[PDB]
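K.L.:
Here you go, one structure.
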Ligand SMILES: *[C@@H]1O[C@H](CO)[C@@H](O)[C@H](O)[C@H]1NC(C)=O
Ligand SMILES: *[C@@H]1O[C@H](CO)[C@@H](O)[C@H](O)[C@H]1NC(C)=O
């Protein structure tokens with residue numbers, strides 16, 4: 001579960017591997033469950049006012 | 001009838017750095033994640049069970065059933081014509097469920113059943129010209145089979161190469177472990193050049209299968225097949241032919257490792273902690 005921007009990914013995925021991850025425990029990538037594509041989860045543009 | 005055919009000789013070698021797998025079916029990219037799980041410690045002992053198979057002069061049993069302990073790391077150098085699986089159990093009789101693994105040339109058959117058989121498991125295969133494909137008999141080789149409960153079929157785990165270089169390449173690094181109700185078995189098939197034993201370098205063991213059983217195992221054994229040229233006669237010394245059925249065994253212990261992943265997320269390195277002061281520091 002999450003909220004974000006699903007963008008195309010240029011990173012190769014090992015066929016064994018299921019979903020991406022970053023060093024700070026963050027799901028910074030996810031293989032598309034329906035078909036074998038890698039989608040980067042870009043954080044939403046929130047900054048501050 | 002129960003007969004033994006392997007000239008099991010136990011030599012000693014070093015474990016080096018072979019047998020570390022992926023802890024879970026979770027991907028990570030370019031991270032130095034550290035794990036705590038049963039693994040083969042580095043620079044440990046490997047009981048090289050160097051042997052010659054197809055020998056009728058070893059009728060009396062001489063190969064004890066090795067213990068299972070906290071994880072067994074296995075390696076071999078033999079094709080499906082020689083080695084065809086592994087056996088796991090607690091008593092290896094008809095009283096406790098026994099796990100029998102057979103690796104067919106076209107599939108893999110895993111059966112958990114109350115198999116009754118002696119301490120010398122083997123499978124004799126021969127394509128007689130009457131049919132060119134002869135089927136083994138469970139009642140002949142094994143004394144009995146009662147209350148079979150689990151059966152699994154898949155593609156061959158041994159993509160064996162007919163060439164001798166490929167014959168040495170077939171390093172079926174199959175870590176077997178039973179943790180959290182899970183019989184995890186990983187896999188590897190290195191195209192590495194021929195040698196004598198485990199060479200240097202590291203290569204992680206990707207999950208071959210994760211059976212949802214994970215029952216405690218006490219005794220682990222190697223099920224080998226009678227190597228033949230498909231033309232030799234039957235029950236004779238000129239039948240089952242002599243050949244080196246070498247297979248190694250390791251032993252996993254609770255241990256902490258520092259992994260290292262490359263861009264693809266393969267575990268491209270693993271180091272131990274309690275190995276040496278440098279290992280503890282790292
Ligand atoms: C069935 O499995 C049990 C193990 O729970 C075993 O004790 C028994 O011998 C098997 N066969 C029959 C007929 O119950
Ligand atoms: C692993 O990634 C590198 C660079 O990202 C690439 O050159 C290589 O082909 C990849 N290997 C596999 C098996 O995906």
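Residue numbers in this text run from 1 along the chain shown.
Determined by electron microscopy, 3.6 Å, according to the entry header.
Every residue gets a Cβ built from N, Cα and C, even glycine.
Residues or ranges marked as disulfide bond in Swiss-Prot: B:2-B:118, B:113-B:148. Feature annotation from Swiss-Prot assigns N-linked glycosylation site to B:4, B:45, B:56, B:104, B:131, B:147, B:216, B:264; the stated evidence is experimental evidence. Swiss-Prot lists B:155-167, B:228-244 with the feature region 'Disordered', giving a curator's inference as the kind of evidence.
Each of these features: where is it, how hidden is it, and who are its neighbours?
P.N.:
For residue B:118 (disulfide bond), other Cβ atoms within 10 Å of its Cβ number 15. Secondary structure at residue B:118 (disulfide bond), as computed by DSSP, is coil.
In the three-state DSSP scheme, residue B:4 (N-linked glycosylation site) is classed as coil.
According to DSSP, residue B:45 (N-linked glycosylation site) is assigned to a strand segment.
For residue B:56 (N-linked glycosylation site), the count of additional Cβ atoms within 10 Å of its Cβ stands at 15 [all protein chains shown].
In this view, residue B:104 (N-linked glycosylation site) is surrounded by 17 other Cβ atoms within 10 Å of its Cβ, with every protein chain counted.
According to DSSP, residue B:113 (disulfide bond) is assigned to a strand segment.
There are 8 other Cβ atoms within 10 Å of the Cβ belonging to residue B:131 (N-linked glycosylation site).
Using a 10 Å radius centred on the Cβ of residue B:147 (N-linked glycosylation site) and all shown protein chains, the other Cβ atoms total 9.
The region 'Disordered' (B:155-167): residue composition by secondary structure is 4 helix, 0 strand, 9 coil, according to DSSP.
All protein chains considered, the CB of residue B:216 (N-linked glycosylation site) has 9 other CB atoms within 10 Å.
In sequence order, the list of same-chain residues 6 or more apart from residue B:264 (N-linked glycosylation site) whose Cβ falls under 8 Å from its Cβ is empty.
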K.L.:
Which ones in the same chain are close to residue B:2 (disulfide bond), with CB under 8 Å and 6+ residues apart in sequence?
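P.N.:
In sequence order, the residues whose Cβ lies under 8 Å from that of residue B:2 (disulfide bond) (at least 6 apart) are B:61, B:117, B:118, B:119, B:120.
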K.L.:
Who sits close to residue B:113 (disulfide bond): which same-chain residues at least 6 apart have their Cβ under 8 Å from its Cβ?
P.N.:
B:97, B:98, B:100, B:145, B:146, B:147, B:148, B:149, B:150
K.L.:
Whose Cβ, among the glycosylation sites B:4, B:45, has more other Cβ atoms within 10 Å than any of the rest?
P.N.:
B:4
K.L.:
Can you list which of these recorded positions (B:4, B:131, B:147, B:148, B:216) have a Cβ closer than 6 Å to ligand 1?
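P.N.:
Listed by sequence, the hits are B:147.
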K.L.:
Among the glycosylation sites B:45, B:56, B:104, B:131, B:216, report those whose Cα falls within 10 Å of that of residue B:4 (N-linked glycosylation site); none is a fine answer.
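P.N.:
Neighbours among glycosylation sites, in sequence order: B:56.
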K.L.:
Nearest to residue B:45 (N-linked glycosylation site) in three-dimensional space, by Cα, is which of the glycosylation sites B:56, B:104, B:131, B:216?
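P.N.:
When the Cα distances are compared, B:216 comes out closest.
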K.L.:
Near the region 'Disordered' (B:155-167), which same-chain residues lie under 8 Å Cβ to Cβ, leaving out any that are not at least 6 residues past its ends?
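P.N.:
Hits for the region 'Disordered' (B:155-167): 77-80, 103-108, 174, 187, 189, 191, 193-194, 208.
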